[PDB]
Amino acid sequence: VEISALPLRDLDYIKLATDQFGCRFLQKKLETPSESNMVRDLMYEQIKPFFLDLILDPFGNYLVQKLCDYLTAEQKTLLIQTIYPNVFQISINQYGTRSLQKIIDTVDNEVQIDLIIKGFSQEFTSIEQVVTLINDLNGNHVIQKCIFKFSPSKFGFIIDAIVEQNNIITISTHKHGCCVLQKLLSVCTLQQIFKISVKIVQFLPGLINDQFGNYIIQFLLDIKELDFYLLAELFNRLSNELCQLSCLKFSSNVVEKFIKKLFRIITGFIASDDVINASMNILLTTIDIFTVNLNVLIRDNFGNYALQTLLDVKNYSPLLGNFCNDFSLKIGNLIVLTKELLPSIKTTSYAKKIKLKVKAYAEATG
């Protein structure tokens, strides 16, 4: 427009950056190789004291993002030096979060990375603010970006926030928080996973039937480098309430996941002889529990799924040393008992499926 007639050194780069027309003008000027280095250097010096302002700006953030693909190391470094103590405010912000992710995505070196982490430390960001960011609509996308871009050696402030008091509940039982927590465990180190796994088990009753928390428990059941400890821990914490948990909407999926995990281990043998022997002892104990409460499980709206999972011969066909003996005496007993209970559930819409699972047991037995 009338702007594109003035020399670049006479542009008020602040007023343009906060203006839609002006911001688009500067971006497409950075994309002009003749002007690129010059506008950048002319832009950088004038907007330098307004970095935080531009970052949180509806139009300014678009310039900052674009500017990240052109800055030098020293330039981007000095940018981060100016704004690192304000990362919480930035991450919370609708526009700031888009800027910080792009900054994190275009880091040049550890000096820049450590400055960002330094801002997330307790010196500038309290634990309750980190917890906030994890559960925040916008901030959680910054925590994720850290989780995917930076190395786990930098995850300190995140780990510290989760293991603090009962924050594991606040996070796991939250829509945004449960996601980030699963994103973390996917790249975390084993010792960091343990540190979190302790807090989860400690607050297990508050997570296992939670609408989101149950997904955290199930995610832990996929981490193979946990079976040596997690199988005994859970079952010892849930055995007495195993029937109750099987009849709940959310925790029943965990039970099914648990049972399936027990099968895939003992079937793989035919992990570790400590894990396996424990898996066998739990499974046998589980079948004992399901026989005692068979009357209730077969009729419950959620219990029946766990019962079917346990009765599905598709999961334990190779089980047909001495363990396999008293297994069949228990799982076989449970089959013939379920067979007697069939006409007492004819009013239910799932009697057909259960009757078929005792039919599949005969096809494999005889």
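In this text, residue numbers run from 1 along the sequence as written. Throughout, rigid core stands for the largest set of C-alpha atoms superposing within 1.5 Å between the two forms.
The higher RMS C-alpha distance to the shown form in 4 other deposited structures of this protein, out of 167-175 and 272-280, belongs to 272-280, with every structure fitted on the core. In at least one third of the other compared structures of this protein with flanking residues present, residue 321 is left unmodelled.
Coordinates are given for every deposited residue between residue 111 and residue 112; the gap count there is zero.
The modelled chain breaks between residue 320 and residue 321, where 10 or more residues of the deposited sequence lack coordinates. Taking only CA atoms, the mean B-factor in the PDB entry is higher for 326-334 than for the other of 326-334 and 301-309. Look at the C-alpha B-factors of 94-102 and of 230-238. On average they run higher in 230-238. The entry assigns its greatest Cα B factor, within the set 185, 79, 158, 278, to 278. In the PDB entry, a CA B factor belonging to the lowest third of its chain's modelled residues is recorded for residue 173. Sorting the modelled residues of the chain by their CA temperature factor places residue 125 in the lowest third.
In the deposited entry, the Cα temperature factor of residue 260 places it in the middle third of its chain's modelled residues. In the PDB entry, a CA B factor belonging to the middle third of its chain's modelled residues is recorded for residue 26.
Per the PDB record, residue ranking by Cα B-factor puts residue 75 in the lowest third of the chain.
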